[PDB]
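Below is one structure; the comments refer to it alone.
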Amino acid sequence: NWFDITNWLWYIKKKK
Amino acid sequence: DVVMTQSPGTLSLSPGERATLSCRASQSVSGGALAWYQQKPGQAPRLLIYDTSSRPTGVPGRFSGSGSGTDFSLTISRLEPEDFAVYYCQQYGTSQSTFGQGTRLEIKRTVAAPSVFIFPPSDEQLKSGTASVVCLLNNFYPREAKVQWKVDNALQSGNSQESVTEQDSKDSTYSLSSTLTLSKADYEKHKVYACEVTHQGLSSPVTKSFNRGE
Amino acid sequence: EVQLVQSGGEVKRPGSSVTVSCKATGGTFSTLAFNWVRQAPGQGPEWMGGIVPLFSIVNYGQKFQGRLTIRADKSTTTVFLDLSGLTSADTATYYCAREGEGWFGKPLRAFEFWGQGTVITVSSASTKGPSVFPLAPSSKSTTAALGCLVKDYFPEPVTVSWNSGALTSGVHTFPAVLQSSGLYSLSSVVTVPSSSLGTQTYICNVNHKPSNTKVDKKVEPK
């Protein structure tokens, strides 16, 4: 879904 | 696509009483992506519950949401006066989100018959070529009411409109206003103008009428 | 606090296109979803579409595709709503709503922050002040009710007071109706003691700001 897209980026900017 | 249906259409309960509003999806919502919103007259909706059961900051703990599928109950353990409002449910588990049709949570109270008043058109309006006749139903409960216009005993249909007020903040009644619009030429041609009101608080229908030019 | 401030309401000709803007302040803008939701008079909210400004990812409802555009300006944290091919079915209040933020970030998906709304009326009639007519108390007494009928104005809204604000208890001012002429009409009434009908003057104060009109009309027994 589109409403989860923003969450993906949030796990992405949560760095390694 | 997934259709959201809320129940009941109108929920009438007492201040301090326990409330449960149901929301049903035409197909299962994935991952519980279901939110509840509260809306008072004139304001944007306010989010009360998200992700089935999670409550945002600032929402009082008396609000809770549950479901696990297609049947989401918003529960209010103790209806405070400010909690009477329209409530909407929304699914957002798919890429096309949708809202339910709303449940109206209103205050419950003693049956009250409407006070009925009829107003003929003013001479000033009559000079414009149009006649509006107004029937007022004052301070009644429940909100269901039937208004029929009769002109010389002939039932009218298609030349009137009506409107209803919000539930009164002091006495919990409703009021209703219906306007019958005729040309001046159709007016005058007739004598007796009447509004007939049927309501749960009335043992039988109430008719208020006047004779034109008297 | 996160705040969304929308542009002002407008009347649009049928067949034209309307743009609504939403200025977003408060906090993070670029990495959260902004959605547009509309609500027609007497109806529930309807989701129209959304944008993630970061890469201008859009999602449009099926029923609006071909007519709806959503845009976002990261330089001014402003999201736009464009709706073409207008018809009377698009008359509504339009809301710009942002998904929530929870703890150290996370998108909540649910619409936590809302704009004040933009009232869009799709119609034709020119701006026109009302005609205010009295609703005079019946001679055939039985408390009495009297009022004023505010007919044939466009667009909304009209405000009504009684006795210059001095009379409030028992006043009911009804929602407007849209007439077949395309003009609105509403009725405001008040109940008062019958024994006052001969001695207390009652004046209804109507203001229609779009046409710069105000009329105060005395209502007395016929």
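Each chain in the structure tokens gets a letter, A, B, ..., in the order shown, and its residues are numbered from 1; ligands are numbered from 1 in order too.
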**Study point:** Surrounding residues of residue 2 in chain C excluding itself and chain neighbours under 2 positions, 6 Å, only C-alpha atoms, as an MDAnalysis selection string
**Key:** chainID C and resid 25:27
**Study point:** At most 8 Å to chain B: residues in chain C, only C-alpha atoms, as an NGL selection string
**Key:** :C and (43-47 or 59-62 or 95 or 102 or 108-117 or 133-138 or 145 or 172-177 or 187)
Selection from above, N, CA and C atoms, as a CSV table (one decimal), in the first residue's frame, can you write it?
```csv
chain,number,residue,atom,x,y,z
C,43,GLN,N,-22.9,14.9,4.6
C,43,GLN,CA,-22.3,13.6,4.3
C,43,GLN,C,-21.0,13.4,5.1
C,44,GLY,N,-20.4,12.3,4.9
C,44,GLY,CA,-19.2,11.9,5.6
C,44,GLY,C,-18.0,12.3,4.8
C,45,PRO,N,-16.8,12.2,5.4
C,45,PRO,CA,-15.5,12.5,4.7
C,45,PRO,C,-15.3,11.4,3.6
C,46,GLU,N,-14.6,11.9,2.6
C,46,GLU,CA,-14.2,11.0,1.5
C,46,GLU,C,-12.7,11.3,1.2
C,47,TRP,N,-11.9,10.2,1.3
C,47,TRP,CA,-10.5,10.4,1.0
C,47,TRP,C,-10.4,10.5,-0.6
C,59,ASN,N,-0.8,9.0,-4.7
C,59,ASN,CA,-1.8,7.9,-4.7
C,59,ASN,C,-3.1,8.6,-4.9
C,60,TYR,N,-3.8,8.2,-5.9
C,60,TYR,CA,-5.1,8.8,-6.2
C,60,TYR,C,-6.2,7.8,-6.1
C,61,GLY,N,-7.3,8.2,-5.5
C,61,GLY,CA,-8.5,7.4,-5.5
C,61,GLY,C,-9.0,7.1,-6.9
C,62,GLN,N,-9.6,5.9,-7.1
C,62,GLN,CA,-10.0,5.5,-8.4
C,62,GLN,C,-11.1,6.5,-9.0
C,95,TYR,N,-10.4,19.2,3.1
C,95,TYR,CA,-9.4,19.1,4.2
C,95,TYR,C,-8.1,18.6,3.8
C,102,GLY,N,4.7,9.3,15.9
C,102,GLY,CA,4.5,8.8,17.2
C,102,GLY,C,5.7,9.0,18.2
C,108,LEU,N,2.3,7.1,11.4
C,108,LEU,CA,1.2,6.4,12.0
C,108,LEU,C,0.1,6.1,11.0
C,109,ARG,N,0.2,6.6,9.8
C,109,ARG,CA,-0.7,6.4,8.7
C,109,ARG,C,-2.1,7.1,8.9
C,110,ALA,N,-2.6,7.0,10.1
C,110,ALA,CA,-3.9,7.7,10.4
C,110,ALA,C,-3.7,9.2,10.4
C,111,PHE,N,-4.8,9.9,10.1
C,111,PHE,CA,-4.7,11.3,9.8
C,111,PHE,C,-4.9,12.1,11.1
C,112,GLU,N,-3.8,12.5,11.7
C,112,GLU,CA,-3.8,13.1,13.0
C,112,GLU,C,-3.9,14.6,13.0
C,113,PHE,N,-3.4,15.3,12.0
C,113,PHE,CA,-3.4,16.7,12.0
C,113,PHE,C,-4.2,17.2,10.7
C,114,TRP,N,-5.1,18.1,10.9
C,114,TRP,CA,-6.1,18.6,9.9
C,114,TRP,C,-6.0,20.1,9.7
C,115,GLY,N,-6.1,20.5,8.5
C,115,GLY,CA,-6.3,21.9,8.2
C,115,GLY,C,-7.7,22.4,8.6
C,116,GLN,N,-7.9,23.7,8.5
C,116,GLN,CA,-9.2,24.2,8.9
C,116,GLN,C,-10.3,24.0,7.9
C,117,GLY,N,-10.0,23.5,6.7
C,117,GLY,CA,-10.9,23.2,5.7
C,117,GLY,C,-11.1,24.4,4.7
C,133,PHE,N,-38.0,38.4,4.9
C,133,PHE,CA,-39.4,38.5,5.1
C,133,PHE,C,-39.8,38.2,6.5
C,134,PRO,N,-40.8,38.8,7.1
C,134,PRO,CA,-41.2,38.5,8.5
C,134,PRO,C,-42.0,37.2,8.5
C,135,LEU,N,-41.8,36.5,9.6
C,135,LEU,CA,-42.7,35.4,10.0
C,135,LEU,C,-43.5,35.9,11.2
C,136,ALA,N,-44.7,36.4,10.9
C,136,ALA,CA,-45.4,37.2,11.9
C,136,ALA,C,-46.2,36.3,12.8
C,137,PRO,N,-46.3,36.6,14.1
C,137,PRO,CA,-47.1,35.7,15.0
C,137,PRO,C,-48.6,35.7,14.7
C,138,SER,N,-49.2,34.5,14.7
C,138,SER,CA,-50.6,34.4,14.4
C,138,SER,C,-51.4,35.2,15.4
C,145,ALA,N,-44.4,32.1,18.7
C,145,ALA,CA,-43.2,32.0,17.8
C,145,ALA,C,-43.3,33.0,16.7
C,172,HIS,N,-33.8,29.7,17.3
C,172,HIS,CA,-33.2,28.7,16.5
C,172,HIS,C,-33.0,29.2,15.1
C,173,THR,N,-31.8,29.2,14.6
C,173,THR,CA,-31.5,29.6,13.2
C,173,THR,C,-31.1,28.4,12.4
C,174,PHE,N,-31.9,28.0,11.4
C,174,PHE,CA,-31.9,26.8,10.7
C,174,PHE,C,-30.8,26.7,9.7
C,175,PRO,N,-30.3,25.6,9.3
C,175,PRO,CA,-29.4,25.4,8.2
C,175,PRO,C,-30.0,25.9,6.9
C,176,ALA,N,-29.2,26.5,6.0
C,176,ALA,CA,-29.8,26.9,4.7
C,176,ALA,C,-30.1,25.7,3.8
C,177,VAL,N,-31.1,26.0,2.9
C,177,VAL,CA,-31.4,25.1,1.8
C,177,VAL,C,-31.0,25.7,0.5
C,187,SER,N,-34.4,30.0,7.6
C,187,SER,CA,-35.4,30.6,8.5
C,187,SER,C,-34.8,30.6,9.9
```
Could you give me, as JSON lines, a per-residue list for chain C showing, wherever an atom lies at most 10 Å from an atom of chain A, the closest pair of atoms and their distance in Å to one decimal, using only C-alpha atoms and sorting by chain then residue number from low to high?
```
{"residue": "C:30", "atom": "CA", "partner": "A:6", "partner_atom": "CA", "distance": 9.6}
{"residue": "C:31", "atom": "CA", "partner": "A:6", "partner_atom": "CA", "distance": 6.1}
{"residue": "C:32", "atom": "CA", "partner": "A:6", "partner_atom": "CA", "distance": 5.5}
{"residue": "C:33", "atom": "CA", "partner": "A:6", "partner_atom": "CA", "distance": 6.5}
{"residue": "C:34", "atom": "CA", "partner": "A:3", "partner_atom": "CA", "distance": 9.9}
{"residue": "C:35", "atom": "CA", "partner": "A:3", "partner_atom": "CA", "distance": 9.8}
{"residue": "C:50", "atom": "CA", "partner": "A:2", "partner_atom": "CA", "distance": 8.7}
{"residue": "C:51", "atom": "CA", "partner": "A:2", "partner_atom": "CA", "distance": 9.2}
{"residue": "C:52", "atom": "CA", "partner": "A:6", "partner_atom": "CA", "distance": 7.1}
{"residue": "C:53", "atom": "CA", "partner": "A:6", "partner_atom": "CA", "distance": 9.9}
{"residue": "C:54", "atom": "CA", "partner": "A:6", "partner_atom": "CA", "distance": 9.3}
{"residue": "C:57", "atom": "CA", "partner": "A:2", "partner_atom": "CA", "distance": 8.5}
{"residue": "C:58", "atom": "CA", "partner": "A:2", "partner_atom": "CA", "distance": 8.1}
{"residue": "C:59", "atom": "CA", "partner": "A:2", "partner_atom": "CA", "distance": 6.6}
{"residue": "C:60", "atom": "CA", "partner": "A:2", "partner_atom": "CA", "distance": 9.9}
{"residue": "C:99", "atom": "CA", "partner": "A:3", "partner_atom": "CA", "distance": 9.0}
{"residue": "C:104", "atom": "CA", "partner": "A:10", "partner_atom": "CA", "distance": 10.0}
{"residue": "C:105", "atom": "CA", "partner": "A:10", "partner_atom": "CA", "distance": 7.3}
{"residue": "C:106", "atom": "CA", "partner": "A:7", "partner_atom": "CA", "distance": 6.2}
{"residue": "C:107", "atom": "CA", "partner": "A:7", "partner_atom": "CA", "distance": 5.3}
{"residue": "C:108", "atom": "CA", "partner": "A:7", "partner_atom": "CA", "distance": 8.2}
{"residue": "C:109", "atom": "CA", "partner": "A:3", "partner_atom": "CA", "distance": 5.8}
{"residue": "C:110", "atom": "CA", "partner": "A:3", "partner_atom": "CA", "distance": 8.8}
```
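Our summary of the geometry notes that CA of residue 101 in chain C is positioned 13.4 Å from CA of residue 3 in chain C.
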Check your understanding: Using only C-alpha atoms, which residues sit within 8 Å of range 190-196 of chain C once same-chain residues fewer than 5 positions away are excluded, as a PyMOL selection string?
Key -> chain C and resi 141+143-147+170-172
Let me see the file: selected residues, C-alpha atoms, as a PDB file, in the first residue's frame.
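Everything below was put into result-v3.pdb:
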```pdb
ATOM      1  CA  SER C 141     -53.078  32.699  20.015  1.00  0.00           C
ATOM      2  CA  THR C 143     -45.811  31.178  24.188  1.00  0.00           C
ATOM      3  CA  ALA C 144     -45.709  32.583  20.642  1.00  0.00           C
ATOM      4  CA  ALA C 145     -43.215  32.006  17.835  1.00  0.00           C
ATOM      5  CA  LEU C 146     -42.025  34.599  15.320  1.00  0.00           C
ATOM      6  CA  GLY C 147     -39.133  34.819  12.910  1.00  0.00           C
ATOM      7  CA  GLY C 170     -35.016  30.288  22.511  1.00  0.00           C
ATOM      8  CA  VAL C 171     -33.633  31.382  19.133  1.00  0.00           C
ATOM      9  CA  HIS C 172     -33.233  28.704  16.467  1.00  0.00           C
TER      10      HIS C 172
END
```
Picked from range 61-157 of chain C by DSSP as strand (DSSP E or B), as a short mmCIF file (atom, residue, chain, number, x, y, z; two decimals) with N, CA, C and O atoms, in the first residue's frame:
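This is the output file out-v6.cif:
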```
data_model
loop_
_atom_site.label_atom_id
_atom_site.label_comp_id
_atom_site.auth_asym_id
_atom_site.auth_seq_id
_atom_site.Cartn_x
_atom_site.Cartn_y
_atom_site.Cartn_z
N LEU C 68 -8.21 14.63 -10.77
CA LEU C 68 -7.51 15.05 -9.56
C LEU C 68 -6.01 15.12 -9.82
O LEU C 68 -5.43 14.20 -10.40
N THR C 69 -5.39 16.21 -9.37
CA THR C 69 -3.94 16.30 -9.29
C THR C 69 -3.57 16.71 -7.87
O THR C 69 -4.21 17.59 -7.29
N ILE C 70 -2.54 16.07 -7.32
CA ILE C 70 -1.96 16.46 -6.05
C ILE C 70 -0.48 16.76 -6.25
O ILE C 70 0.23 15.99 -6.91
N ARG C 71 -0.04 17.88 -5.69
CA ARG C 71 1.33 18.36 -5.82
C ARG C 71 1.84 18.76 -4.45
O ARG C 71 1.07 18.91 -3.50
N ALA C 72 3.16 18.92 -4.35
CA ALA C 72 3.77 19.29 -3.09
C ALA C 72 5.03 20.10 -3.35
O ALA C 72 5.81 19.78 -4.25
N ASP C 73 5.21 21.15 -2.55
CA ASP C 73 6.32 22.08 -2.68
C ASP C 73 7.17 22.00 -1.42
O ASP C 73 6.76 22.49 -0.36
N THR C 78 4.30 23.22 1.29
CA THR C 78 2.93 23.45 0.87
C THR C 78 2.50 22.32 -0.04
O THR C 78 3.25 21.93 -0.95
N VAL C 79 1.30 21.77 0.19
CA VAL C 79 0.73 20.73 -0.65
C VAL C 79 -0.48 21.31 -1.37
O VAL C 79 -1.23 22.11 -0.80
N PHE C 80 -0.67 20.89 -2.62
CA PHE C 80 -1.70 21.45 -3.48
C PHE C 80 -2.70 20.39 -3.90
O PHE C 80 -2.37 19.21 -4.03
N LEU C 81 -3.94 20.84 -4.11
CA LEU C 81 -5.03 19.99 -4.57
C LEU C 81 -5.64 20.65 -5.80
O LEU C 81 -6.10 21.79 -5.73
N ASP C 82 -5.65 19.93 -6.92
CA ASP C 82 -6.23 20.43 -8.16
C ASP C 82 -7.34 19.48 -8.60
O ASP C 82 -7.12 18.27 -8.70
N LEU C 83 -8.52 20.04 -8.87
CA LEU C 83 -9.67 19.24 -9.26
C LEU C 83 -10.30 19.88 -10.48
O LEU C 83 -10.81 21.01 -10.40
N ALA C 92 -18.16 20.82 -1.64
CA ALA C 92 -17.76 20.19 -0.39
C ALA C 92 -16.79 21.11 0.33
O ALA C 92 -16.27 22.07 -0.24
N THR C 93 -16.55 20.80 1.60
CA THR C 93 -15.39 21.29 2.33
C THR C 93 -14.22 20.34 2.11
O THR C 93 -14.36 19.13 2.29
N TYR C 94 -13.07 20.89 1.73
CA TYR C 94 -11.87 20.13 1.44
C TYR C 94 -10.90 20.28 2.60
O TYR C 94 -10.63 21.40 3.05
N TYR C 95 -10.38 19.15 3.08
CA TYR C 95 -9.45 19.14 4.20
C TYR C 95 -8.11 18.55 3.79
O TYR C 95 -8.04 17.54 3.08
N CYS C 96 -7.04 19.20 4.25
CA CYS C 96 -5.69 18.67 4.11
C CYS C 96 -5.27 18.07 5.45
O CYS C 96 -5.25 18.76 6.47
N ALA C 97 -4.96 16.78 5.43
CA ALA C 97 -4.71 16.03 6.65
C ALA C 97 -3.38 15.29 6.56
O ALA C 97 -3.10 14.62 5.57
N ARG C 98 -2.57 15.43 7.61
CA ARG C 98 -1.26 14.79 7.69
C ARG C 98 -1.32 13.58 8.60
O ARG C 98 -2.01 13.59 9.62
N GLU C 99 -0.58 12.54 8.23
CA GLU C 99 -0.51 11.36 9.07
C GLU C 99 0.21 11.73 10.37
O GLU C 99 1.00 12.68 10.42
N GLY C 100 -0.05 10.97 11.43
CA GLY C 100 0.66 11.25 12.65
C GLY C 100 2.09 10.75 12.73
O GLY C 100 2.57 9.94 11.93
N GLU C 101 2.74 11.26 13.77
CA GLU C 101 4.09 10.94 14.20
C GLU C 101 3.99 10.39 15.61
O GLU C 101 3.24 10.93 16.43
N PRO C 107 5.77 6.75 11.00
CA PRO C 107 4.51 7.18 10.39
C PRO C 107 3.34 6.41 10.98
O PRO C 107 3.38 5.18 11.08
N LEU C 108 2.28 7.12 11.37
CA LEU C 108 1.17 6.42 12.00
C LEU C 108 0.09 6.06 10.99
O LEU C 108 -0.84 5.32 11.33
N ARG C 109 0.19 6.61 9.77
CA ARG C 109 -0.74 6.44 8.66
C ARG C 109 -2.09 7.12 8.89
O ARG C 109 -2.62 7.76 7.98
N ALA C 110 -2.64 6.98 10.09
CA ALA C 110 -3.88 7.66 10.43
C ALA C 110 -3.70 9.17 10.38
O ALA C 110 -2.61 9.70 10.61
N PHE C 111 -4.79 9.88 10.09
CA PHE C 111 -4.74 11.31 9.81
C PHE C 111 -4.89 12.05 11.13
O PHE C 111 -5.99 12.22 11.64
N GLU C 112 -3.76 12.50 11.69
CA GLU C 112 -3.78 13.08 13.03
C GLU C 112 -3.94 14.59 13.03
O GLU C 112 -4.59 15.14 13.93
N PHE C 113 -3.41 15.28 12.02
CA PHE C 113 -3.43 16.74 11.97
C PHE C 113 -4.21 17.17 10.74
O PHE C 113 -3.98 16.68 9.64
N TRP C 114 -5.14 18.10 10.95
CA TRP C 114 -6.07 18.55 9.92
C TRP C 114 -6.00 20.07 9.74
O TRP C 114 -5.86 20.81 10.72
N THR C 118 -11.38 24.04 3.44
CA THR C 118 -11.63 25.01 2.38
C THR C 118 -12.98 24.69 1.78
O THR C 118 -13.19 23.58 1.27
N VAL C 119 -13.91 25.64 1.83
CA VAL C 119 -15.26 25.42 1.34
C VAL C 119 -15.29 25.74 -0.14
O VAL C 119 -15.09 26.90 -0.54
N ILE C 120 -15.57 24.74 -0.96
CA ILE C 120 -15.67 24.92 -2.40
C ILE C 120 -17.12 24.68 -2.77
O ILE C 120 -17.69 23.63 -2.46
N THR C 121 -17.72 25.66 -3.45
CA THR C 121 -19.08 25.55 -3.93
C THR C 121 -19.03 25.61 -5.45
O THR C 121 -18.57 26.61 -6.01
N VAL C 122 -19.52 24.57 -6.11
CA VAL C 122 -19.53 24.56 -7.56
C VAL C 122 -20.96 24.91 -7.95
O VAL C 122 -21.89 24.15 -7.68
N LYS C 128 -25.38 37.71 -4.55
CA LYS C 128 -26.68 38.36 -4.43
C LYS C 128 -27.11 38.43 -2.97
O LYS C 128 -27.10 37.41 -2.28
N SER C 131 -33.44 38.56 0.37
CA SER C 131 -34.70 39.21 0.69
C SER C 131 -35.16 38.68 2.04
O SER C 131 -35.29 37.46 2.22
N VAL C 132 -35.39 39.58 3.00
CA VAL C 132 -35.72 39.20 4.37
C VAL C 132 -37.21 39.45 4.59
O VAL C 132 -37.67 40.59 4.48
N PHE C 133 -37.95 38.38 4.89
CA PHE C 133 -39.38 38.54 5.08
C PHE C 133 -39.75 38.17 6.51
O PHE C 133 -39.14 37.28 7.10
N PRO C 134 -40.76 38.82 7.09
CA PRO C 134 -41.15 38.50 8.46
C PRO C 134 -41.99 37.23 8.52
O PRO C 134 -42.75 36.91 7.61
N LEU C 135 -41.82 36.49 9.62
CA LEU C 135 -42.73 35.40 9.96
C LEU C 135 -43.53 35.87 11.17
O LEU C 135 -43.09 35.75 12.31
N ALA C 144 -45.56 32.35 22.07
CA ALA C 144 -45.71 32.58 20.64
C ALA C 144 -44.36 32.45 19.95
O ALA C 144 -43.31 32.66 20.56
N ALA C 145 -44.40 32.09 18.67
CA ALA C 145 -43.21 32.01 17.84
C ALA C 145 -43.29 33.02 16.70
O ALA C 145 -44.35 33.20 16.09
N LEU C 146 -42.16 33.67 16.43
CA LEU C 146 -42.03 34.60 15.32
C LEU C 146 -40.63 34.44 14.74
O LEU C 146 -39.76 33.78 15.33
N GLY C 147 -40.40 35.03 13.58
CA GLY C 147 -39.13 34.82 12.91
C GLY C 147 -39.00 35.65 11.65
O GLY C 147 -39.82 36.53 11.38
N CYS C 148 -37.94 35.35 10.90
CA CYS C 148 -37.67 35.99 9.62
C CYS C 148 -37.15 34.96 8.64
O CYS C 148 -36.32 34.12 8.99
N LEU C 149 -37.65 35.02 7.41
CA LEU C 149 -37.27 34.11 6.34
C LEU C 149 -36.29 34.83 5.41
O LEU C 149 -36.62 35.87 4.84
N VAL C 150 -35.10 34.26 5.26
CA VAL C 150 -34.01 34.89 4.52
C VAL C 150 -33.84 34.11 3.23
O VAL C 150 -33.21 33.05 3.21
N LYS C 151 -34.41 34.63 2.14
CA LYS C 151 -34.66 33.86 0.94
C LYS C 151 -33.87 34.44 -0.23
O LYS C 151 -33.70 35.66 -0.33
N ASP C 152 -33.37 33.55 -1.08
CA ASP C 152 -32.84 33.87 -2.40
C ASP C 152 -31.53 34.65 -2.33
O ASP C 152 -31.43 35.75 -2.88
N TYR C 153 -30.53 34.10 -1.65
CA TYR C 153 -29.21 34.71 -1.61
C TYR C 153 -28.18 33.71 -2.13
O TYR C 153 -28.44 32.51 -2.19
N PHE C 154 -27.00 34.22 -2.50
CA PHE C 154 -25.93 33.34 -2.94
C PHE C 154 -24.62 34.09 -2.87
O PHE C 154 -24.59 35.28 -3.20
#
```
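Take CA of residue 111 in chain B and CA of residue 15 in chain B: the distance between them is 16.5 Å.
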Exercise for review: Find the spatial neighbours of residue 149 in chain B, counting only C-alpha atoms, within a cut-off of 8 Å - ignore same-chain residues fewer than 6 positions away - and output them as a VMD selection string.
Suggested key: chain B and resid 155 to 157 180 193 to 196
The selected residues should be written to file as a PDB file, in the first residue's frame (atoms: N, CA and C atoms).
```pdb
ATOM      1  N   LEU B 155     -52.575  17.190  -0.978  1.00  0.00           N
ATOM      2  CA  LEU B 155     -51.220  16.900  -0.533  1.00  0.00           C
ATOM      3  C   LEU B 155     -50.179  17.456  -1.494  1.00  0.00           C
ATOM      4  N   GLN B 156     -49.193  18.147  -0.932  1.00  0.00           N
ATOM      5  CA  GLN B 156     -48.100  18.739  -1.684  1.00  0.00           C
ATOM      6  C   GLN B 156     -46.890  17.814  -1.665  1.00  0.00           C
ATOM      7  N   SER B 157     -46.111  17.864  -2.744  1.00  0.00           N
ATOM      8  CA  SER B 157     -44.906  17.053  -2.864  1.00  0.00           C
ATOM      9  C   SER B 157     -44.027  17.568  -3.996  1.00  0.00           C
ATOM     10  N   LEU B 180     -42.846  25.628   2.101  1.00  0.00           N
ATOM     11  CA  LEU B 180     -43.557  25.316   0.868  1.00  0.00           C
ATOM     12  C   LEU B 180     -43.521  26.544  -0.034  1.00  0.00           C
ATOM     13  N   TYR B 193     -54.473  26.733   3.899  1.00  0.00           N
ATOM     14  CA  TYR B 193     -53.089  26.288   3.839  1.00  0.00           C
ATOM     15  C   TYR B 193     -52.773  25.620   5.168  1.00  0.00           C
ATOM     16  N   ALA B 194     -52.283  24.380   5.132  1.00  0.00           N
ATOM     17  CA  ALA B 194     -52.118  23.622   6.363  1.00  0.00           C
ATOM     18  C   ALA B 194     -50.840  22.800   6.349  1.00  0.00           C
ATOM     19  N   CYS B 195     -50.250  22.657   7.535  1.00  0.00           N
ATOM     20  CA  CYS B 195     -49.115  21.781   7.781  1.00  0.00           C
ATOM     21  C   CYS B 195     -49.519  20.742   8.819  1.00  0.00           C
ATOM     22  N   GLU B 196     -49.340  19.466   8.484  1.00  0.00           N
ATOM     23  CA  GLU B 196     -49.716  18.333   9.314  1.00  0.00           C
ATOM     24  C   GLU B 196     -48.467  17.605   9.785  1.00  0.00           C
TER      25      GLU B 196
END
```
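For the pair CA of residue 208 in chain B and CA of residue 131 in chain B, the interatomic distance is 17.6 Å.
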**Study point:** Selection: 8 Å around residue 11 in chain B, only C-alpha atoms, excl. self and same-chain fewer than 5 positions, as a VMD selection string
**Key:** chain B and resid 21 103 to 106
Check your understanding: Of the candidates B:69, B:19, B:94, B:170, which shows the shortest atom-to-atom distance to chain A, using only C-alpha atoms?
Key -> B:94
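Around residue 144 in chain B, within 12 Å and counting only C-alpha atoms, the residues found are residues 10, 111, 112, 113, 114, 137, 164, 173, 174, 175, 176, 197, 198, 199, 200, 201 and 202 of chain B, once anything fewer than 5 positions away on its own chain is removed.
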May I have all residues of chain A that DSSP, computed from the backbone, assigns to alpha helix (DSSP H), given as an mmCIF file with N, CA, C and O atoms, in the first residue's frame?
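Output contents, as saved in out.cif:
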```
data_model
loop_
_atom_site.group_PDB
_atom_site.id
_atom_site.type_symbol
_atom_site.label_atom_id
_atom_site.label_comp_id
_atom_site.auth_asym_id
_atom_site.auth_seq_id
_atom_site.Cartn_x
_atom_site.Cartn_y
_atom_site.Cartn_z
ATOM 1 N N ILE A 5 4.444 3.580 2.646
ATOM 2 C CA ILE A 5 5.672 4.056 2.013
ATOM 3 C C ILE A 5 6.478 4.910 2.983
ATOM 4 O O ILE A 5 7.677 4.685 3.186
ATOM 5 N N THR A 6 5.823 5.888 3.615
ATOM 6 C CA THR A 6 6.516 6.766 4.554
ATOM 7 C C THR A 6 7.196 5.984 5.666
ATOM 8 O O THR A 6 8.209 6.438 6.209
ATOM 9 N N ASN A 7 6.659 4.815 6.024
ATOM 10 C CA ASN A 7 7.287 4.027 7.079
ATOM 11 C C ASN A 7 8.582 3.392 6.589
ATOM 12 O O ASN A 7 9.569 3.335 7.333
ATOM 13 N N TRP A 8 8.601 2.927 5.336
ATOM 14 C CA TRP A 8 9.822 2.370 4.759
ATOM 15 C C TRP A 8 10.981 3.345 4.915
ATOM 16 O O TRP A 8 12.010 3.021 5.522
ATOM 17 N N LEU A 9 10.808 4.562 4.393
ATOM 18 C CA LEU A 9 11.830 5.594 4.525
ATOM 19 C C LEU A 9 12.239 5.803 5.976
ATOM 20 O O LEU A 9 13.413 6.075 6.254
ATOM 21 N N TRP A 10 11.299 5.667 6.914
ATOM 22 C CA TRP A 10 11.648 5.870 8.315
ATOM 23 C C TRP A 10 12.604 4.792 8.808
ATOM 24 O O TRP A 10 13.531 5.082 9.575
ATOM 25 N N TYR A 11 12.399 3.544 8.383
ATOM 26 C CA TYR A 11 13.376 2.511 8.697
ATOM 27 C C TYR A 11 14.671 2.708 7.923
ATOM 28 O O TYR A 11 15.706 2.160 8.318
ATOM 29 N N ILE A 12 14.638 3.487 6.840
ATOM 30 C CA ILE A 12 15.843 3.727 6.056
ATOM 31 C C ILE A 12 16.690 4.822 6.690
ATOM 32 O O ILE A 12 17.891 4.640 6.915
ATOM 33 N N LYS A 13 16.082 5.968 7.011
ATOM 34 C CA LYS A 13 16.838 7.008 7.697
ATOM 35 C C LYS A 13 17.256 6.589 9.101
ATOM 36 O O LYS A 13 18.044 7.300 9.734
#
```
